[PDB]
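Notes follow once the structure below has been shown.
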Amino acid sequence: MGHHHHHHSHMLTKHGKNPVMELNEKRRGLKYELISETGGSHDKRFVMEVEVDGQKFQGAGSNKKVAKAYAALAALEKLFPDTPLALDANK
Numbered sequence: 001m002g003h004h005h006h007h008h009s010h011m012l013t014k015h016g017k018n019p020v021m022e023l024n025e026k027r028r029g030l031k032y033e034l035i036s037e038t039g040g041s042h043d044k045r046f047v048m049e050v051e052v053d054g055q056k057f058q059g060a061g062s063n064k065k066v067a068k069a070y071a072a073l074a075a076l077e078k079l080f081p082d083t084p085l086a087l088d089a090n091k
């Protein structure tokens, strides 16, 4: 029996474009830099920052590129949610 796999499956975003490449189509002149980076006994913890429309959003993932994905989604869900009227919103 197996009970073990190497996680190769890739999460994306609102569309099948991958949040990073998608955001780079939705907006141009973006910035992707590293904020936090560490690796423990069995788990990883990376945090990347993305600049969209001058606004900086930070996301955390198990590596740089996955952290970029969450950072991008952080901007996408805020700038391009495509949702109806807003009854609840902070920023």
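By the numbering used here, the letter at position 16 of the sequence shown is numbered 16, and the numbering carries on one by one without gaps.
Where a beta carbon is used, it is the ideal one built from N, C-alpha and C, also for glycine.
| said: For residue 54, tell me which candidate among 83, 31, 24 and 86 has the shortest Cα-Cα distance. | reply: Nearest to residue 54 by C-alpha distance, out of 83, 31, 24 and 86, is 31.
| Do you know how far the Cα of residue 76 is from the Cα of residue 21? | Approximately 12 angstroms, taken between the alpha carbons.
| query | What did DSSP end up calling residue 11 once you bin it into helix, strand or coil? | reply | coil
| query | Where does the unbroken alpha helix (DSSP H) through residue 30 begin, and where does it stop? | reply | First-last for residue 30: undefined, no H or E at that position.
| field | Reference residue 64; option with closest CA among 28, 24, 13 and 37 | value | 37
| said: For residue 91 and residue 57, I'd like the C-alpha separation in whole angstroms. | reply: 12 angstroms
| said: Beta-carbon within less than 7 angstroms of residue 27's beta-carbon, same chain only, minus the 5 sequence neighbours each way: which residues are those? | reply: 52 and 53
| message | Taking the alpha carbon of residue 67 as the reference point, which residue from 50, 1, 29 and 79 has its own alpha carbon closest? | response | 50
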